[PDB]
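>>> Experimental structure and its sequence below.
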Amino acid sequence: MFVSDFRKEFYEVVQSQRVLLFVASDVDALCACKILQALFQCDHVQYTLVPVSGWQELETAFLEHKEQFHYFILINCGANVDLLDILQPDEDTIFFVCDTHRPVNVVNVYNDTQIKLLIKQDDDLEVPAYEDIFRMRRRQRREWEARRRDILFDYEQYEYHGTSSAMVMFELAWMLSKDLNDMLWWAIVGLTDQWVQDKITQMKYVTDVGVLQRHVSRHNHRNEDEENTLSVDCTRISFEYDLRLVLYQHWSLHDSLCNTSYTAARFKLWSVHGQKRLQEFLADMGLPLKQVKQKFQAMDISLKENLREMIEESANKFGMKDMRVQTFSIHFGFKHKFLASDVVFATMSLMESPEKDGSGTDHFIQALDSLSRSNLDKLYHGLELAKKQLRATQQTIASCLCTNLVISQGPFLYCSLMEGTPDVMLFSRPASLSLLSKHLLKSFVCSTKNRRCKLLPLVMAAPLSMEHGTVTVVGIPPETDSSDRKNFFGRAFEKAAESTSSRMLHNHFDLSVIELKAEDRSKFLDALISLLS
Amino acid sequence: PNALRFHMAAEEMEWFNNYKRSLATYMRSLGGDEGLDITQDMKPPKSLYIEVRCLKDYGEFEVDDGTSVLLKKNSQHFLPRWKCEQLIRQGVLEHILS
Amino acid sequence: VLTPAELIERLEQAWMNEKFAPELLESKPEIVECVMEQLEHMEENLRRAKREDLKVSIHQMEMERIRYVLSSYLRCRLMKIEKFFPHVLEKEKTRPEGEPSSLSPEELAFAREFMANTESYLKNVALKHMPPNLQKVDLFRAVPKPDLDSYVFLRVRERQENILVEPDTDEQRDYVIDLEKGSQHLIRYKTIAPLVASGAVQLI
Amino acid sequence: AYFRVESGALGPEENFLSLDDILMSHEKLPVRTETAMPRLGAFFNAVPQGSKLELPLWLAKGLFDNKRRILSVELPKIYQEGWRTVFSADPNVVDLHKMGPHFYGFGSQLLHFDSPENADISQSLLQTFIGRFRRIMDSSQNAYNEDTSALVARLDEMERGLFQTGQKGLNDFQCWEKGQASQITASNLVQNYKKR
Amino acid sequence: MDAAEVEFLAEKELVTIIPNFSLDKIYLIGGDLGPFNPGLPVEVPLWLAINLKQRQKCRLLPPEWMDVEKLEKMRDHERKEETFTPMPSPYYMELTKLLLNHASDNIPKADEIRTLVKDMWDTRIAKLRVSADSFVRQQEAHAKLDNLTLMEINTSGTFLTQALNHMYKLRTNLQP
């Protein structure tokens, strides 16, 4: 069932008990966990926090803890599956679920006692009515069964994402009157994480930006003398109309332009004429080459006065109309200034680090620590890692596009990474592969001639384990400016594997990421083709 | 730890056991019941509760007589300080400040 | 009878005095017993209160502070006892009836056990295998005594007059000073130890 | 919670259980033998009267008596007028680490032999300490998170103890001001056992 | 004594807070803490004030002496004089650190206050250094240090006392 009053049905219920937190491995989940942790530590709530990265890890942890706890909170996991079947709990256990994944499983929606969903009812949710899915025989009973099959298939075809969990937690904090500035920053970072990964549409992002703008004004608006007397060490959050360039304040403008998928795709910098086009762009700006190649902080201040406006104008002349995005920045001290997307990229790079000296639960701990202002060194280290990852992404995209590795089957495009690829190791982890596939599709759509291939979704495969011969397979929908961001590849994959009898594993919390036995791969794909054409 | 026990001579182990017994007796004699265990409270207290991260697998750990919690690596717990001080001093838990 | 606040004040005073004195100071059984009893009563009273209260948490924090101070004080005394055990025991053995003791009965039992344990270990490990006339080690001479010529910082609680400062062995160099209430001095402990005993000065 | 027995070499007698004092008294000292010493010739068979030997300070202290029956003691060159004059010029430039690690402790124990130069040895040891105090205090209390190998190179054992105390005071305040003094941490011994 | 213990002592000083909760009078062993009423000021020990602030239950009020004009006068006076001048609090450094680290949002002009307190601390530390050098160089047996706070003494006390112990032993070598 859905929770109406977060204060009375969830927080007051849990305040007096011991609770177990299962936190998934994404930035939005980390920010939601941060907000909830602050709330719990304010009220002396005894909690245990367990990082989980997949279904097997969650099941193992629940088996380990089911005896010692009665209240569980799942952050960004558990909403799209029948939880009571996967976990097989006791009748007295209660599961609070704060998950962004959609659609919500019908069994979770219609449970009265054990499943409580911390999901806003104003979201995009069209749940089938209870009668049609739960309950002369040929005339009615068989007709009802066939109708249920049809409605359930239609309802569970596309996967998408709802409101950020960090924003839900911030709404809870505001209801309790315990909302601080750090909590608001965490909510902003969660929404920006949703945006950076194309999990939500542009309209939803702008709406939520306005919602957060109101809170920012309420928290940070003061008169002139109040600003004068306020210490520089107190955090300040500001709304900004800033540039799409990635990490440009912690890098050089040239490096940022070369390693941002937006500009890199539109300039075709993987080509030989793309560099000349970039030079023409910079000449149109009037920025000396030696200045744009210098680190942004060291660049002469006179060039920074109107940088955003001039970049917007030049980009408009060059066919880029979306150079400017509404976002937020945080300042503290004399030195420390960050845009939201910079924090998102740093956290992602800390979490998906290729340094295997440390495990993934170890990489999760680093990422969670970096979100606290006491661990600022971790945030700067993550910024450096993000720079390396962006360079690797652009190199891989260039290698894929120059060699014509993106081949169109009938209904979808297929690109496969090989072990001979230099940076393949950086993209073996599923999240990195998903982000790479999205960036690659954007570049390909910008740089292709065939009109049909521009309207196709993408399926991408990369090696996972050379011992078991397993390959990670990801599927993403077509890249369009007004895309609903809805994905049909999870059900398609499950239907292809069933029809062909391949050995597939669903461990990611997203159903569009799968593990496949390499030998079955070929076979699998044909079924998929026949299924989508 | 057995590693440390290895270096000691047998007579040194006997001395250590005798000293341990004497210290336990003295600590028991201070108060009405159970006395006061002055091996705890080694630093001035700041907060009633603290956040701890498990640095190694340790298994069941009793919070109250009724309830215990499983210590597994890289899990985090919000617990009273007086129940975690000893395991922190032994290198089993780490104190997280945020 | 002291008020509880005054009791905590004296606990802190003894804590700091023991922390900076070079020797074992006088035992304070009344302070320790009263503080332990106060903690027990407060624990009992909180047992009657509801768990969710802010008041319970505040009371627990205060009890934690008091417990820390008492534990640190007792640890300091135990360290001094272990460091100087033969001399502590010798002083206790020959104490006049009127003069106050530097050991509580429990500390005395602990010290006696410490001495016996260490002596038995030394005898059983090495000394019994040495030549017959080298088998006795006089622990009274082997263990160093407290150095009472240490320099300390003190704050004056009650005015004192005609304190004799002796810079060296020569008498002609010695002079006299006054200690005013609230003033702070740096001086050798031997000169002012009775004032620490009586409470006229506080070691900082 | 581990505190070794402290040195008592500056006092009238050294501490029986002090490792530093045992090492200090291991050091040699020239002597002249005032009586034939039978059955010990192998180690230096008799040792003839008037022979010149170098003995450990503990052995010289054991055999010495005020009337000079068994042996007479001569001061090491470091404590004689030639070096005392060098110390007076500028005590900050002399390397007391190479000229006996326990320079003060050894010189203090030399006063037991009742030399005619006792007042001069005593006065020299005091002035050397006074003349070196300011540099020791400044270097110890102001060298933060830096290499100190060049700052303690010329200090003797007693001075190196003071330097360590000064560094401890500086470090504690810096930790407190930076907010690191409130975290509960693994004990020092545990850190040196399980992570070293 | 270490710095954490001096801070523990400093935490017993009284400050004023405005709570956002209601509570009856608390009978602590240390002493009564008056009734708490939302919006009204009340005096509590610094440790409880910091704890309540960290739990979002109160707003702190700067002490009377934490004023820029007064602090500037005090710093100038400290720089003009030769000895230590009387300080507004016996734990001014610790109180400043705790209050400004945890409640800068409640204390206007916190940066100026921190800088002035730092100036005073530096001047007094230099005076203490001069005192120690004079003690050793002139071979004193006693000294007077009035208006010096516990944290200031503790910053270099152990070193100075150990040096003085060694120097005394060297001064009393010849006595049989």
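Arrived safely. Numbering: from 1, shown residues only, chains lettered A, B, ... in the order given.

>>> Which strand or helix spans residue E:47?
Here residue E:47, judged by DSSP states H and E, is contained in helix E:46-54.

>>> hmm, that helix touching chain D?
No. Using C-beta under 8 Å from any C-beta of the partner chain, helix E:46-54 stays clear of chain D, coming no nearer than 11.4 Å. Every C-beta, even on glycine, is put in place using the N, C-alpha and C of the backbone.

>>> That helix - contacts with which helices or strands?
Helix E:46-54 sits against helix C:54-83, strand E:14-19, strand E:58-61, helix E:92-103, with contacts defined as 3 or more C-beta pairs under 8 Å, 6 or more residues apart in numbering or on different chains; DSSP states H and E.

>>> Run the chain-centre distance for that helix.
17 Å (C-alpha atoms, centre = their mean, to the nearest Å).

>>> So which residues on chain A come close to chain B?
So far as C-beta under 8 Å from any C-beta goes, chain A lies against chain B at A:18, A:37, A:40-41, A:44-51, A:64-65, A:68, A:361-362, A:364-365, A:372, A:374.

>>> what number of residues lie near the residue lying closest to residue C:43 once chain neighbours are set aside?
Counting by C-beta to C-beta, 6 or more residues apart in numbering or on different chains, residue C:63 is the residue found nearest to residue C:43 once chain neighbours are left out, at 7.3 Å. When neighbours are counted by other C-beta atoms under 10 Å in any protein chain shown, residue C:63 registers 18.

>>> ok, and does the lengthiest helix in chain D reach over to chain E?
For chain D, the longest helix by residue count, based on DSSP state H, is helix D:118-142. Yes. Helix D:118-142 is in contact with chain E by C-beta under 8 Å from any C-beta, via D:118, D:119, D:122, D:125, D:126, D:129, D:130, D:133, D:134, D:137, D:140, D:141.

>>> now for that helix, which elements pack on it?
helix D:81-89, helix D:103-109, helix D:157-177, helix E:110-138, helix E:150-171.

>>> any idea of the angle that helix forms with helix D:81-89?
40 degrees (axes from the mean of the first three to the mean of the last three C-alpha atoms, to 10 degrees).

>>> Only the buried residues of helix D:118-142, if you could.
D:121-122, D:124-126, D:128-133, D:136-137, D:139-141 (16 or more other C-beta atoms under 10 Å in any protein chain shown).

>>> what's the offset of stretch D:117-136 from the middle of its chain?
Worked out by C-alpha atoms, centre = their mean, stretch D:117-136 lies 13 Å from the chain centre.

>>> Need the contact partners of it.
D:75, D:79-81, D:84, D:87-88, D:90-92, D:94, D:104, D:107-108, D:110-111, D:115, D:155, D:159, D:162-163, D:166, E:133, E:136-137, E:139, E:163, E:166-167, E:170-171, E:173-174 (C-beta atoms under 8 Å, 6 or more residues apart in numbering or on different chains).

>>> still on that earlier bit, for residue A:244, state which of the residues of helix D:118-142 next to chain E is nearest.
residue D:141 (52.9 Å; C-beta to C-beta).

>>> ok, the closest one to chain C distance?
Going from residue D:141 to chain C by C-beta to the nearest C-beta, to the nearest Å gives 17 Å.

>>> just residue D:54 next, same as before
27 Å.

>>> and what of residue A:346?
From residue A:346 to chain C the distance is 37 Å (C-beta to the nearest C-beta).

>>> The closest residue to that residue other than its chain neighbours: which element?
In this structure, residue A:346 finds its nearest non-sequential neighbour in residue A:382, 3.3 Å apart by C-beta to C-beta, 6+ apart. Element membership for residue A:382, per DSSP H and E: helix A:376-402.

>>> C-terminal to that helix, what's the next element?
Downstream of helix A:376-402, the next assigned helix or strand under DSSP H and E is strand A:407-408.

>>> ok now the next helix or strand after that next one, how far from the chain's centre?
Elements were assigned by DSSP H and E; along the chain past strand A:407-408, the next helix or strand is strand A:413-416. The chain centroid and the centroid of strand A:413-416 are separated by 22 Å under C-alpha atoms, centre = their mean.

>>> Could I get the buried residue list for the following helix or strand past strand A:413-416?
Sequence order places helix A:430-447 as the next helix or strand after strand A:413-416, per DSSP H and E. Within helix A:430-447, the residues that qualify as buried are A:430-447, counting by 16+ other C-beta under 10 Å.

>>> continuing past helix A:430-447, what's the next helix or strand?
strand A:458-465.

>>> Do I have it right that residue A:382 meets residue A:352?
No. Counting by C-beta atoms under 8 Å, residue A:382 stays clear of residue A:352, with 10.5 Å between them.

>>> Which of the two has more residues huddled nearby?
Neighbour count, other C-beta under 10 Å: between residue A:382 and residue A:352, residue A:382 has more, with 24 against 21.

>>> Keep the contacts of stretch D:117-136, but drop any that are not near chain C.
E:139, E:171, E:174.

>>> count of neighbours near the last one?
When you say that, I think you mean residue E:174. Applying other C-beta under 10 Å, I find that residue E:174 has 13 neighbouring residues.

>>> Tell me how far it lies from residue C:181.
38 Å (C-beta to C-beta, to the nearest Å).

>>> for residue D:143, same thing?
40 Å.

>>> Where do the domain boundaries of chain C fall?
Per CATH domains of a matching chain, the structural domains of chain C span C:2-144, C:145-204.

>>> any chance you could map the helices in chain B?
Counting by DSSP H, the helices of chain B are B:2-7, B:10-29, B:81-89.

>>> Residue 16 - nearest residue in space that isn't next to it in sequence?
Since you didn't name a chain, this refers to chain A. Spatial nearest neighbour of residue A:16, chain neighbours left out: residue C:52 (6.7 Å); criterion: C-beta to C-beta, 6+ apart.

>>> Can you look at chain C instead?
residue C:203 is the one closest to residue C:16 (C-beta to C-beta, 6+ apart), at 6.0 Å.

>>> for that neighbour, what are its contacts?
For residue C:203, counting by C-beta under 8 Å, 6+ apart, the contacting residues are C:16, C:17, C:19, C:20, C:21, C:152, C:153, C:154, C:196.

>>> From chain A, how far off is it?
Counting by C-beta to the nearest C-beta, the gap from residue C:203 to chain A is 37 Å.

>>> Pretty sure residue A:29 sits against residue A:22.
No. With contact defined as C-beta under 8 Å, residue A:29 does not count as touching residue A:22 (9.6 Å).

>>> the more surrounded of the two?
residue A:29 (29 against 25).
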